[PDB]
Structures are given as structure tokens and as C-alpha cells.
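Protein sequences appear in the order of chains J, L and K. Start counting at 1 in the first sequence, then tack on 26, and there's your number in the authors' numbering. Just so you know, the second sequence maps onto residues 2 to 10, 13 to 36, 41 to 49, 52 to 54, 60 to 78, 86 to 104 in the authors' numbering. Start counting at 1 in the third sequence, then tack on 31, and there's your number in the authors' numbering.
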Amino acid sequence: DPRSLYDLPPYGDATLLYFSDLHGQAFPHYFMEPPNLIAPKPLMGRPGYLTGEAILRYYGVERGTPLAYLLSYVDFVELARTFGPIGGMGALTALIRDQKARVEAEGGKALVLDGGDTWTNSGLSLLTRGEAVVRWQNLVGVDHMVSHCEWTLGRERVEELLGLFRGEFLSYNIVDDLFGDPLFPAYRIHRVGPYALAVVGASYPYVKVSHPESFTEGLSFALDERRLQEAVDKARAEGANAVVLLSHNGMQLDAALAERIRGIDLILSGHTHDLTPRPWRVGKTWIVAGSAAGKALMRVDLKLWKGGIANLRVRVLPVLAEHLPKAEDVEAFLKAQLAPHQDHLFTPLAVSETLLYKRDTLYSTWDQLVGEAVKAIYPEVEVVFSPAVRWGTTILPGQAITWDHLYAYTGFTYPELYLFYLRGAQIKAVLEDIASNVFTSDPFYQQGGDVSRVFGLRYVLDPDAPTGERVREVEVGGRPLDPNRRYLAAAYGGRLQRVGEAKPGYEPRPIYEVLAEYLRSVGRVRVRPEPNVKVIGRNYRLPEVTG
Amino acid sequence: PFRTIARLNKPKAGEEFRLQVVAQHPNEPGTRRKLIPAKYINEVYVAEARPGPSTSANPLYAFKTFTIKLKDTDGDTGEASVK
Amino acid sequence: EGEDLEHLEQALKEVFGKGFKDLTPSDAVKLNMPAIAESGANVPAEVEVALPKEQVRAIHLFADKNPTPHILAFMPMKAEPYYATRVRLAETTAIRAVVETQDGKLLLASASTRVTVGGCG
Ligand SMILES: [Mn+2]
Ligand SMILES: [Mn+2]
Numbered sequence: 027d028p029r030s031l032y033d034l035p036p037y038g039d040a041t042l043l044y045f046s047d048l049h050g051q052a053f054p055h056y057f058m059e060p061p062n063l064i065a066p067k068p069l070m071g072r073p074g075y076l077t078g079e080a081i082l083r084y085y086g087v088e089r090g091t092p093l094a095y096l097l098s099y100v101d102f103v104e105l106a107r108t109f110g111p112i113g114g115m116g117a118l119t120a121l122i123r124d125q126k127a128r129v130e131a132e133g134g135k136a137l138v139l140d141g142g143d144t145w146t147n148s149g150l151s152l153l154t155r156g157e158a159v160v161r162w163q164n165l166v167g168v169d170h171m172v173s174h175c176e177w178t179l180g181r182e183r184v185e186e187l188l189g190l191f192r193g194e195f196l197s198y199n200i201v202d203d204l205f206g207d208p209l210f211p212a213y214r215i216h217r218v219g220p221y222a223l224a225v226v227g228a229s230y231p232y233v234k235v236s237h238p239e240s241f242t243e244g245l246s247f248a249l250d251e252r253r254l255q256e257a258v259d260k261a262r263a264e265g266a267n268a269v270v271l272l273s274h275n276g277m278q279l280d281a282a283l284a285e286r287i288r289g290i291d292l293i294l295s296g297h298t299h300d301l302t303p304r305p306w307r308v309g310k311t312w313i314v315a316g317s318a319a320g321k322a323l324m325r326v327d328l329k330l331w332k333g334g335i336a337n338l339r340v341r342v343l344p345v346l347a348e349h350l351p352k353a354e355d356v357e358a359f360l361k362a363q364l365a366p367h368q369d370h371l372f373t374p375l376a377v378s379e380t381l382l383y384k385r386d387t388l389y390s391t392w393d394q395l396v397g398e399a400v401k402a403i404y405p406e407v408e409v410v411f412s413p414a415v416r417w418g419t420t421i422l423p424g425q426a427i428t429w430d431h432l433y434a435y436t437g438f439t440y441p442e443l444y445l446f447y448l449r450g451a452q453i454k455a456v457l458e459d460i461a462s463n464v465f466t467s468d469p470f471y472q473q474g475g476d477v478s479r480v481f482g483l484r485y486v487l488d489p490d491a492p493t494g495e496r497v498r499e500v501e502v503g504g505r506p507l508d509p510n511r512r513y514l515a516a517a518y519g520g521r522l523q524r525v526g527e528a529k530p531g532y533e534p535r536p537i538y539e540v541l542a543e544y545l546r547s548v549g550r551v552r553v554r555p556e557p558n559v560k561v562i563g564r565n566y567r568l569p570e571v572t573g
Numbered sequence: 002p003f004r005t006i007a008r009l010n013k014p015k016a017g018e019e020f021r022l023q024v025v026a027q028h029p030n031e032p033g034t035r036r041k042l043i044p045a046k047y048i049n052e053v054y060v061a062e063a064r065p066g067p068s069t070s071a072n073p074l075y076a077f078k086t087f088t089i090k091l092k093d094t095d096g097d098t099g100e101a102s103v104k
Numbered sequence: 032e033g034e035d036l037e038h039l040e041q042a043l044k045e046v047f048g049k050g051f052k053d054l055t056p057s058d059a060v061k062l063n064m065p066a067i068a069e070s071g072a073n074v075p076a077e078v079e080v081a082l083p084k085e086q087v088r089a090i091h092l093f094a095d096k097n098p099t100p101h102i103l104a105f106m107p108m109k110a111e112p113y114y115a116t117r118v119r120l121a122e123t124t125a126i127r128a129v130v131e132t133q134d135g136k137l138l139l140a141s142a143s144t145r146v147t148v149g150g151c152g
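Set out below in C-alpha cells:
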């Protein structure tokens, strides 16, 4: 194949250069799709839960193609050396500029839309408090954006960064706590020749329960179906023909809103970190996923009519630095921004012998390394609870782990590792609480990422089982779980420390400081995929860690 | 002792209107913890409302010249007037 | 889902008299509440039904898992049946909505409000 994916013929009146969940990934790295996306029986086989060979057959993607490397985990190690690294702010800007140049030469309108989760969770982000990410958006020319993890910086910082942001921030759900007045506009109407296109902004509704309440004090994020319908109806009344929803509510929740809310013709879903080469049809609305770490740019060419979208062309463009031109302005910007932090962020700490992936529903190799790192420094710890966050990176066999990779994996604004005692009954109740939230038949009752990976214990999981029966046969350290016994637990980037009794003498310190202390001392890491979970009625897939 | 804010949600003839009532009071159920003493608000002049102990701090009241009165456990009447 | 038949029946007898089995299921009464509550204390609760103002007698809300099940009591004499409101919740509780009428029959409307912990993904 001559990788001619970018060279596309003219289509429609409008074009939306959409990308989501970049998470401040400034440099070209690797990001493997989850090997398993376990869903309950009524939600099996639908987009957002497809993995491996199943996702390739569904969209008709051939094995060994550039799209196959981005969509599936199958032959990832083999294709990562072949197609090179994905993402990077320089490679992403170069692709957006190239595609915007094509659309404008044809005679159409091109809109650059960001799908939230951009300003935080990286090396470049933490050192500038999300400022360098906002300044990059002005360089590329982002028209609109949404939020979720942007609020982790604090209310004062977000308001400060929005003033620097040249584009227009859109949100309908972000309202005041005491009254309920929207601080940001719900939508924006753009003139696309004889037609008018409206872009409705939707932010994550469970923002207050995801990160500490102090960051979003005096704000309401809650999902309002009445306010969403009113925003769509007001847009069409003003003169808009088609309605496009820039959302971060989650692909599953957006699909539930597609059958409940009228007027929406297209939904640009984020938060779930999914990929869609073909648009998902739910009722009378097309759903396009926004990917993760900026590995893909979704070009949505729209043909518009008097009552919405007539037809559409969805093309997932792979952001490959090895096959894309150089955006020297962004490269000079990133070099100047991280000039005194070059010897910190890029100096190798340890060389990995096996593949280190983050994305999965129950178990990942990177989270086992975190569990091994905590247990090596602190041998008193019996269980290491790791957050199942969708954002991160992937370490290839032979590739060295640097400080930038640690900030890409554990780049929380609250990275404090807490050592606290938990009762056996609490550990079982917590695992059941996440399972009832992740494996829910109704997409409305879904919150956060995946099921939290706990190193030290082994358990049998049944997703189709009722609440309080999903988690069974729990065994801590090769011995069955005693509900009265006090087990020492270690957790970071959560709220588990609130219900647990804190360890005396211990002071909470950042997780990346603990990880670097382990990596520098060992020199080399050999983490083999050993799943501590047994799924009932589902086949748990395992990727190739060698190559 | 009490702070009350009232606002209408221009009303068109025939169509149904909304009344937004909000007051600055720290509502406590008593169960939350040292133990915090229970202090909560437990009326329109057409419609009477009596909330229980489980009420959030600084709550919102929705109803479909206006004078409103709110009484609590201690005895602090909350009055607000709107045209 | 936060169903607790033991604590709910204790409040229904001391306030009204009739238990859970005596309550009649209904589809007309709609209860608008979020699936997952953003705050432990600040939780929005909306209730509305399409029927004449004269027919309305009393509107009540109850929490199963909460120690104190009594949430609120609203009697609209001349006003239309409607009450968004912020009420406290202890844990994963299913909020029940009951409407009293002149006929004698008690209407039902069930909706669950989950209280969970997570991380920014
Ligand atoms: Mn995300
Ligand atoms: Mn997100």
C-alpha cells in the first residue's frame, strides 16, 4: 500500500477536522487499543465494545494495514516498528493544516473541533499547568472545545486558560450551583454556503465524582435532557439546518441520548477513547468517535440539506510522524517550552523487555509494574489499587521508560499515593461498586473508566450477574478473602483513602516519584502478562508481548 | 439571621410559569459527623411545602406580587418579595 | 439500584398507614432524577404529572437506604403539580415518588440515584 489515506477527493459542503482525548501528548509515542472490552449480554457486538479481529471484521479493515494498527491490538508490536510512532503535536498540526488546505482549495468550509481531555495528563502539561497545550491550540487553530479533565487544574486556572484560548468554548451542562445559569454558550451557528451548521457543546456530567470537589466548587455538571433539547430547538429556530453535538458524555451515554433527544444529526463522541472508521447509526443520528492521544484525526465531510445532514463521509486519518510533513513552528515551540526540562523528561530510567499497555477493562501489564513497584519499596502493602484510566501510552520491547512516559501514565494533578487499612468486606464492596457501574445494561448508569486493577488478589468476575453477585471467589495472597481481616491497601488518583484508615508514620507522596525510585534501582523490567481475573461466559484475550 | 433570593422564570399569557426560591442556610440532618446538631428548614401566599431532615446546604425550590415564608427547627422566617 | 423494603415500609405506616404491597403501580407520574449523583449532599429531584389542579391532594418523596426516609411533603391547593430540588443522600439509594388523589388510589414512580467514586479518564 502507498499509505495514500490523506489524499481524498472532494465531498459535501462542510468538513469537520475532529480529534478527541489528546491528554497533552506533545511527542510521537505508541498507544495500543484495549485487548478486551467486556460488555453485558444486551450491549455485546455494538461499537465501543469491539476488540481484536472482531473490530476489523465489523468495519471491513484488512490485517496489516495502517488503519488496522490504529483500530486493533492484533500484531501491534509488528506494526509499531513498521508504521512508526503515532500522535505528537507537530504531526497532528501538520495533518490538520494539510487537510484544511485541501477543503479550502475545493471550495468548502473546514472546522477544527477538539473533543475535550487535552489540557491535562502529560509532561508538557504539569510543568506549565496546562498553558503550553492551550497555546498549541491557537497555533493549529482550534475553533471549538469541550471539557472533563481540564477542570482538575482548578476553577481559577481554567478561567485563566480560557482567556488565552483563541477558539470558542461551548458547554450547555456547565451551570451555576445556587441558581443554574450557563456561564458558557450552549451552541454556535456557522455559515456553510447556503446552509447553516450548529455546533452544540457537551461536557462530562459526572465531573464532581471523578476528581476532588474542591476543583469544581460552585459548579453543576449534571446531565439535563430538558436543557439539551431546548439548546437544539433554539439553534434550529435561529436558522440552523443541521445540528452537530461536540460531546464528552461518553459514546454509550451519547447513543442513549440519540434515541431520547430530537434534532441532533451528528454526535462527535469522546471520553470512551473509541475508534470508528464507519459512522454508527442510532435512530436518526450518526456517531463518530474521537480516538485517544491524538493518534487519529477524523475527517467528517458533510453534505447538508434543509432539514439536517443528507449524507456523510467518515475517514480516520492516521497521525503518523514518519509519513507526515514537519510543522517546524510547533517543533520550535515545544523545544523552547521544554528546554530546561529536556534532561529530566527524556533521560532513560529503566529499559523494558516486554510490552507495557494501559488500556483494558480488567487487567493491563503497566498496572502490574505499578503494583510491583509499590510492593518492592513498601513490602507491608497487601493490595495495590490502580485506577483504570483510559489515558496513557505504550512501551515497546526494548524501549526505555522516561519521566515523560511516567507523566503520560500517571499525570494526575492529585498524584499522592495513600497507604491505608481496608476491611475484607470493604474490598469486596468496592470491586462490586465499580462492576455495577461499568457492566450496566443501561448506558445512563455508567461512570468513569474501566474496572480498577488491584495487584495482590485474584477474583472471578461475572458481568451478567446482578448487583452484589458480579465479584466472586476473592483470594488475597493465595488465601481466601476474610471480611473481618484488616488488609493494608495502596491507592492513587481516587477516593478510596476516605473510607480507609490511614497508615501511621506514612506521608502521602506522588506515584511517579515512587515509580522512578523503583525503575532507577532495578535497571530492567520483565513484566509478563498474568491476569488475576477469570471472566464467566467471555473469552479473555491476551496480546503478544515479544517482538 | 436569614438571606432569601427570589426570581421569575417575562411570563406569557396562557402559558405556565416557574417560581425559583433559594435561601442561604446550612441544612444539616444530624447524622453527619464530632457530631453536628440537626438544623433544617421544615409555603406560598396556594401551595404548602414541608421538607424533611435530608436537605442539602443552600437548596432550590421550584413551583408552578409573590410572598414566600420558610420556617426551620430554631425559628428563623425567610421572606422574599417579587413583582 | 438501591432497593430496601424494610426501611421504606416503616415510614409508609407512620405517615400514611398503607404498606408497599397496598401501593398501586403507575406510568402517568414521571420522576426526573440523574442516574449518578455529582455530590453527596447536592442532588437534583424533579417531579411532574399531567392531570387537573383540583385532582391533586399531596405529593411525597421517600428514600429507601437513607436513615431518615422522609424527604419532602408538597400539597398544591391551587398551584400546578410541580416541585427541581436539592436533597441529601447517604449512599446508592432508589428514590420513590407517591401521589395522593381524591379517588383513594396511590400512584407509583421509581427511579434510582447512584452515589459512586471514580477517576478522571
Ligand atoms: Mn479521556
Ligand atoms: Mn474523559
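Note that CB positions come from ideal geometry on N, CA and C, so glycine has one too.
Check                                                                                                                                                                                        : Outcome
Would you mind reading off the limits of the alpha helix (DSSP H) that contains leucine 150 of chain J?                                                                                      : 149-154
Taking one C-beta from the segment 65-77 of chain J and one from the segment 354-364 of chain J each time, how about it: are there three or more such pairs within less than 8 Å?            : no
Please state the DSSP three-state secondary structure of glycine 397 of chain J.                                                                                                             : helix
Only counting the same chain, and skipping five residues up and downstream in sequence, which positions put a Cβ closer than 7 Å to that of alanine 281 of chain J?                          : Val308, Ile313 and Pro469
Do we get a CB-CB distance below 7 Å when we pair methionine 64 of chain K with the residues of chain L?                                                                                     : no
Who are the Cβ neighbours of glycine 227 of chain J in its own chain at under 6 Å, not counting the five residues just before and after it?                                                  : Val172, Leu196, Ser197 and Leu272
Look at the Cβ atom of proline 36 of chain J, then the Cβ atom of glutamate 132 of chain J, and state whether they are nearer than 7 Å.                                                      : yes
Checking contacts by CB at 7 Å: is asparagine 10 of chain L closer than that to chain J?                                                                                                     : no
Establish whether the CB of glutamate 69 of chain K and some CB of chain L are separated by less than 7 Å.                                                                                   : no
Is there a Cβ from chain K that is less than 7 Å from the Cβ of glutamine 473 of chain J?                                                                                                    : yes
What does the alpha-carbon distance come out to for the pair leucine 42 of chain L and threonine 98 of chain L?                                                                              : 26 Å
Going by Cα to Cα distance, which pick from J:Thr41, J:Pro28 and J:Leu443 is closest to residue 651 of chain J?                                                                              : What is shown of chain J runs 27 to 573, which leaves residue 651 of chain J out entirely.
Mind pulling the chain J residues with CB within less than 7 Å of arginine 127 of chain K?                                                                                                   : The premise fails here: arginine 127 of chain K is roughly 18 Å from chain J at the closest Cβ pair, so nothing lies under 7 Å.
Within the present structure, is the beta-carbon of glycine 152 of chain K separated from the nearest heavy atom of ligand 2 by less than 6 Å?                                               : yes
Which residues in the same chain have their Cβ closer than 6 Å to the Cβ of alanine 212 of chain J, if we skip the five residues on either side of it in sequence?                           : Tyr198 and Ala257
Can you pull out the residues from the segment 115-144 of chain K whose beta carbon lies closer than 8 Å to at least one beta carbon of chain L?                                             : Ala115, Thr116, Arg117, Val118, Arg119, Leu120 and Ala121
In three-state terms, what does DSSP make of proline 54 of chain J?                                                                                                                          : coil
Check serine 462 of chain J in the structure and name its three-state DSSP category.                                                                                                         : helix
Taking the alpha carbon of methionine 277 of chain J as the point to measure from, which residue in J:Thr311, J:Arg524 and J:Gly503 has its own alpha carbon closest?                        : J:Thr311
Between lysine 321 of chain J and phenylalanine 57 of chain J, is the Cβ-Cβ spacing less than 7 Å?                                                                                           : yes
Are there three or more Cβ pairs, one per stretch, closer than 8 Å when the segment 436-452 of chain J is compared with the segment 83-90 of chain J?                                        : no
Along chain J, in chain order, which residues have C-beta atoms closer than 9 Å to that of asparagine 30 of chain L?                                                                         : Near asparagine 30 of chain L there are no residues of chain J at all, since even the closest Cβ is about 14 Å away, more than 9 Å.
Under the rule that 16 or more other beta-carbon atoms within 10 Å means buried, what is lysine 67 of chain J, buried or exposed?                                                            : exposed
Whole angstroms is fine: what's the gap from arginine 192 of chain J's alpha carbon to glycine 316 of chain J's?                                                                             : 22 Å
Does any residue of chain K have a CB that is nearer than 7 Å to the CB of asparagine 463 of chain J?                                                                                        : yes
Excluding the 5 residues preceding and the 5 following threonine 428 of chain J in the sequence, name in chain order all residues of the same chain whose CB lies nearer than 7 Å to its CB. : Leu371, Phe372, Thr373, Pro374 and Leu375
Mapping the DSSP letters down to three states, classify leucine 190 of chain J as helix, strand or coil.                                                                                     : helix
Can you check whether the C-beta of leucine 204 of chain J is within less than 7 Å of a C-beta belonging to chain L?                                                                         : yes
Which residues in the same chain have their Cβ closer than 8 Å to the Cβ of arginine 64 of chain L, if we skip the five residues on either side of it in sequence?                           : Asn49
For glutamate 32 of chain K, go through chain J and note every residue whose CB falls closer than 8 Å to its CB, in chain order.                                                             : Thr493
Nearer than 6 Å: is that true of the beta carbon of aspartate 143 of chain J relative to any heavy atom of ligand 2?                                                                         : yes
With distances taken between CB atoms, is the gap from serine 412 of chain J to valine 396 of chain J smaller than 7 Å?                                                                      : yes
How long is the line joining the alpha carbons of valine 502 of chain J and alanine 318 of chain J, rounded to whole angstroms?                                                              : 34 Å
Within its chain, find whatever has a CB closer than 8 Å to the CB of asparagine 267 of chain J; leave out the 5 residues flanking it on each side and keep chain order.                     : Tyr221, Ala222, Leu223, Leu330, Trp331, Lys332, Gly333 and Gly334
Is the number of C-beta pairs between the segment 240-247 of chain J and the segment 138-156 of chain J that are closer than 8 Å three or more?                                              : no
Kindly list, in the order they appear in chain J, the residues whose Cβ is closer than 8 Å to that of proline 112 of chain K.                                                                : Correct list: empty, because the minimum Cβ distance to chain J is about 17 Å.
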